Q: 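Sharing a structure with you now.
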Amino acid sequence: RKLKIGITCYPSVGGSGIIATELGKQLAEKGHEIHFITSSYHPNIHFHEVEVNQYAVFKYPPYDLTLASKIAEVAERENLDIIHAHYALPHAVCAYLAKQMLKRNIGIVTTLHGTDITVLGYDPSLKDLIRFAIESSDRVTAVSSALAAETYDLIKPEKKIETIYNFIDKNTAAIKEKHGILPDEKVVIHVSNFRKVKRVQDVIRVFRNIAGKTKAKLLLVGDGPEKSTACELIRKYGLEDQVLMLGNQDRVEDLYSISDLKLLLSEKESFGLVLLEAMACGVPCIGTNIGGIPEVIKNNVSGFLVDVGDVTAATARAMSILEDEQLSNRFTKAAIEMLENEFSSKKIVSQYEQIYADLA
Amino acid sequence: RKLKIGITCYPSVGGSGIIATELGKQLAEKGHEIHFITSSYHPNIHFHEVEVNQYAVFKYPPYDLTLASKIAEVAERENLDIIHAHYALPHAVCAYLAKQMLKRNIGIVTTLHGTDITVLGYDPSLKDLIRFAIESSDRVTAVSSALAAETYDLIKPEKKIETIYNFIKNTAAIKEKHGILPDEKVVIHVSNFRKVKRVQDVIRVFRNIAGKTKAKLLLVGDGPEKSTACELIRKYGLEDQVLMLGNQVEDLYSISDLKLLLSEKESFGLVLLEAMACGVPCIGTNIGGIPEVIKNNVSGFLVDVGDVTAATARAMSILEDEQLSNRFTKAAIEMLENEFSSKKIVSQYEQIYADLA
Ligand SMILES: CC(=O)N[C@H]1[C@@H](O[C@@H](CC(=O)O)C(=O)O)O[C@H](CO)[C@@H](O)[C@@H]1O
Ligand SMILES: CC(=O)N[C@H]1[C@@H](O[C@@H](CC(=O)O)C(=O)O)O[C@H](CO)[C@@H](O)[C@@H]1O
């Protein structure tokens, strides 16, 4: 049965935004009627805008209250069966308030992406609010089992948290030519928001060890607070010519397509959607053995996992992969099979769809 | 029964923040345990602060969620019987969330001061939220019967809204400090200078007065429309006859002969009670709660919104009839000790808390 699903999220802040929007499109293609309720296409996809109108009275812009009001407005006017929030805070709480205002039993689905753990590390006193958010949702999913376990540890809600993974939606010569890459050169890639937990310094010390060993370029893709930290480490090591600070990019597939190695060396990472994208483009990955990364990369099967801060071992693995087309190609092969099965959008979208069917 | 009472509000937005804090003081002086939960001498009174950050996750700082979190935290820890919110938005909604988070029952008291009407004017989409806030509080109060009625007419909450009112020198030296000479009459206006205060109307009225008698004008406070005000002054060349002060106010009330409040929207007008208490006769507009404070021709005058003509005539009667001025003044102070006394009102809020606890 076609359903009418509200989706409330930050429009696009990397991973979760991409996921939420793609999930909406895919559902639309199966005949559901999708209403995005955010800040900010198909006949069945509609957009409703949360606009904050602070002219007086409010000391801070009442975006949470405004969002809740808008969810309830759209829920009533469009007869929504489901509101699917992404993040506990603020979105599940806003969905909750909206349900209370509506005075009917709309189903609330909440997807945890890891940001509630982050927020909690800066302000531990939010624990009970996050627990509330979870416990007030009808069904709760997490993008990895590790995240679900960390939520149970730190939040301890009375709620089943179901694991539903993330998913993803040629002329490499030309692309290398554009970025002035020589057919001669190995290509290492890293795509992130350059926040401290991404440990970009570890990516550069790994790369530096690499490029003192073979003809190599690093593609640094993204923007964020530790970018100036990055440059500095690059200049300190004198790798200015061998690194393409590419800042944030369009057509990220082009960059993964030219690359031979993807590194994600985070200390915190609930999933790592950039791993799937590198996988889909045939790039073997080295990730840290933390969060949900071991659920994506299986060590010495579809990639390598290292310890946080282990630049030495990451360098060893990098070389192993770069020098050996055998290993690289079997890693690559194993990874594509994961993509076609555990991480395919047909499979994940139908897991979310089943949730909605259950509640409707 | 001594009680543990949480108070959440914006701690000094002008009038409502004075009321909420004074109310706290009065309850602590009768020995209840008071806990302020806000942004921000007695020891039955404590303070809890909310800190609000984006942390690179939140698009905006989630004041409302952090505050609701803190209320739940304080309520649990200190076993609060009551959380008394001032304003439906955000504060009653934050109290509601906290209550829902709490295992304990807790009584939610919300007092309306009229800002929720202001919010609704700017954003008509928040009507249902505001109605929800009101309906989800256990007991709701409004600082005038006019506000209670307008709330009902505009928001239509099905909830009882109970009227509980607001409550409350060397003049030579002070006048000297301000270059006010001893034969100058002194008109005063105290506000936040918002459009609904109609400071332009205050200034027209004053021009008329300063044209009929030797007069200064104390314009006290700050706000967007202060600039509007200054231009109107220059447009009439009254620069020299106006003192523009920010906030520091009793001193000024004591050197004044007449207080004007000519708003088009005013749920109560706390400045009125401060003026009255300092022996200053008031002229107010005939809207909102101002007719609940001023008795026309008895404890001041009331006029129609915008009626600069009527306002000038009343002003002149006051300024040149010491008899009238003194009778207004005495009647206003008797009202103060009866209807607007802190002893009375504070006991009214207590009865609410007793019922719920
Ligand atoms: C810190 C963290 O756990 N970030 C996860 C989280 O990343 C956040 C962004 C962030 O890192 O704060 C997001 O994308 O909304 O969600 C992604 C999508 O599910 C994951 O791929 C990221 O691992
Ligand atoms: C516009 C309005 O109704 N303002 C009332 C309202 O004033 C607001 C400030 C304002 O919005 O004017 C406040 O103090 O929070 O509350 C006061 C205390 O109850 C009343 O004295 C004012 O009449």
Side-chain angles (χ1 to χ4, degrees), chain A residues 51-63 65-66, chain B residues 9-20 39 60-61 63 86-91 112-126 130 143 147 150 154 187-207 216-239 241-247 249 252-253 259-272 274-275 283-285 287-290 305-306 308 311:
Chain A
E51 210 159 347
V52 189
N53 272 293
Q54 176 208 45
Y55 297 86
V57 178
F58 291 113
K59 297 281 199 75
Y60 303 77
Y63 168 108
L65 295 179
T66 300
Chain B
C9 62
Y10 293 139
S12 177
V13 167
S16 65
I18 292 164
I19 291 297
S39 279
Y60 292 94
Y63 168 85
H86 295 263
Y87 297 11
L89 308 187
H91 299 106
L112 305 177
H113 293 266
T115 58
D116 305 293
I117 306 312
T118 302
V119 163
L120 180 84
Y122 284 112
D123 193 357
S125 50
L126 305 162
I130 296 167
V143 297
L147 177 53
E150 205 193 3
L154 285 177
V187 177
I188 188 169
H189 172 89
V190 190
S191 87
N192 58 19
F193 278 82
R194 285 195 191 178
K195 286 190 181 92
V196 297
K197 304 286 177 189
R198 305 193 58 98
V199 184
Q200 73 270 14
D201 281 352
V202 166
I203 284 168
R204 288 179 201 110
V205 165
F206 175 78
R207 165 175 51 71
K216 286 256 181 59
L217 178 63
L218 316 176
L219 281 183
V220 190
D222 200 0
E225 294 299 309
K226 202 192 221 152
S227 301
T228 320
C230 284
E231 293 166 4
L232 248 195
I233 291 170
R234 295 188 346 269
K235 178 169 144 165
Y236 301 145
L238 308 159
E239 311 103 300
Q241 305 166 81
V242 184
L243 281 60
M244 314 252 316
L245 301 100
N247 289 112
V249 60
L252 298 185
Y253 284 131
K259 160 70 169 124
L260 302 175
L261 195 62
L262 312 182
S263 315
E264 59 191 52
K265 173 195 196 318
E266 196 82 54
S267 286
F268 188 87
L270 192 58
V271 303
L272 294 178
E274 294 158 7
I283 294 159
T285 34
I287 51 77
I290 292 165
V305 179
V308 177

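We use all heavy atoms of the structure for the numbers below, so side chains are in, but hydrogens, waters and symmetry mates are not. Numbers restart at 1 for each chain; the letters A, B, ... are given by sequence-line order, proteins then strands.
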Q: Taking the side chain as every heavy atom from C-beta outward, state whether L261(B) and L272(B) have any pair of such atoms under 4.5 Å apart.
A: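 They are in side-chain contact.
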Q: Would a distance-only check, ignoring hydrogens and angles, find a side-chain to backbone donor-acceptor pair under 3.5 Å from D116(B) to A88(B)?
A: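 A pair under 3.5 Å: yes.
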Q: Can you name the ring-ring contact (aromatic ring centres under 6.0 Å, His included) partners of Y122(B), sequence neighbours left out?
A: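 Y55(A).
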Q: Not counting sequence neighbours, which residues clear side-chain contact (heavy atoms from CB on, under 4.5 Å) with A20(B)? List them please.
A: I7(B), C9(B), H86(B)
Q: Quick one, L232(B) and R207(B) - any side-chain contact, counting heavy atoms below 4.5 Å?
A: no
Q: Would you mind writing out the side-chain donor-acceptor pairs for residues 192-203 of chain B within the sub-3.5 Å range, not counting sequence neighbours?
A:
unit_1: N192(B); atom_1: OD1; unit_2: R194(B); atom_2: N; d: 3.3
unit_1: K197(B); atom_1: NZ; unit_2: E266(B); atom_2: OE1; d: 2.8
unit_1: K197(B); atom_1: NZ; unit_2: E266(B); atom_2: OE2; d: 2.9
unit_1: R198(B); atom_1: NE; unit_2: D201(B); atom_2: OD2; d: 2.8
unit_1: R198(B); atom_1: NH1; unit_2: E264(B); atom_2: OE1; d: 2.9
unit_1: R198(B); atom_1: NH2; unit_2: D201(B); atom_2: OD2; d: 2.9
unit_1: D201(B); atom_1: OD1; unit_2: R204(B); atom_2: NH1; d: 2.8

Q: Please tell me if the side chains of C230(B) and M244(B) come closer than 4.5 Å, counting only heavy atoms from C-beta onward.
A: yes
Q: Please output the side-chain donor-acceptor pairs of residues 219-227 of chain B that fall under 3.5 Å, not counting sequence neighbours, one pair per line with the distance.
A:
unit_1: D222(B); atom_1: OD1; unit_2: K226(B); atom_2: NZ; d: 3.4
unit_1: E225(B); atom_1: OE1; unit_2: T228(B); atom_2: OG1; d: 2.5
unit_1: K226(B); atom_1: NZ; unit_2: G221(B); atom_2: O; d: 3.2

Q: Between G114(B) and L147(B), what is the shortest heavy-atom contact and its length?
A: N-CD2, 3.4 Å
Q: List for me each residue that meets ring-ring contact (aromatic ring centres under 6.0 Å, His included) alongside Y60(A), sequence neighbours excluded, and say none if there are none.
A: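 With sequence neighbours excluded, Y60(A) shows a ring-ring contact (aromatic ring centres under 6.0 Å, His included) to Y63(B), given in chain and number order.
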Q: Which pair of heavy atoms, one from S263(B) and one from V305(B), lies closest together, and at what distance?
A: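 The answer is O-CG2, 4.0 Å.
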Q: Can you find a heavy atom in the side chain of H113(B) that is under 4.5 Å from one in the side chain of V13(B)?
A: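 No; the side chains remain at least 4.5 Å from each other.
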Q: Might you work through the side-chain contact (heavy atoms from CB on, under 4.5 Å) test for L238(B) and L217(B), ending with a clear yes or no?
A: CA-CA 9 Å; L238(B) 308 159; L217(B) 178 63; over 6 Å; no
Q: Given side chains that start at C-beta, do those of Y10(B) and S39(B) come closer than 4.5 Å, heavy atoms only?
A: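 No - every pair of side-chain heavy atoms lies 4.5 Å or more apart.
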Q: Taking ring-ring contact (aromatic ring centres under 6.0 Å, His included) as the test, write out the residues that go with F206(B), two or more places apart.
A: none
Q: Measure the shortest side-chain to side-chain distance between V119(B) and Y87(B) over non-hydrogen atoms and say whether it is less than 4.5 angstrom.
A: no
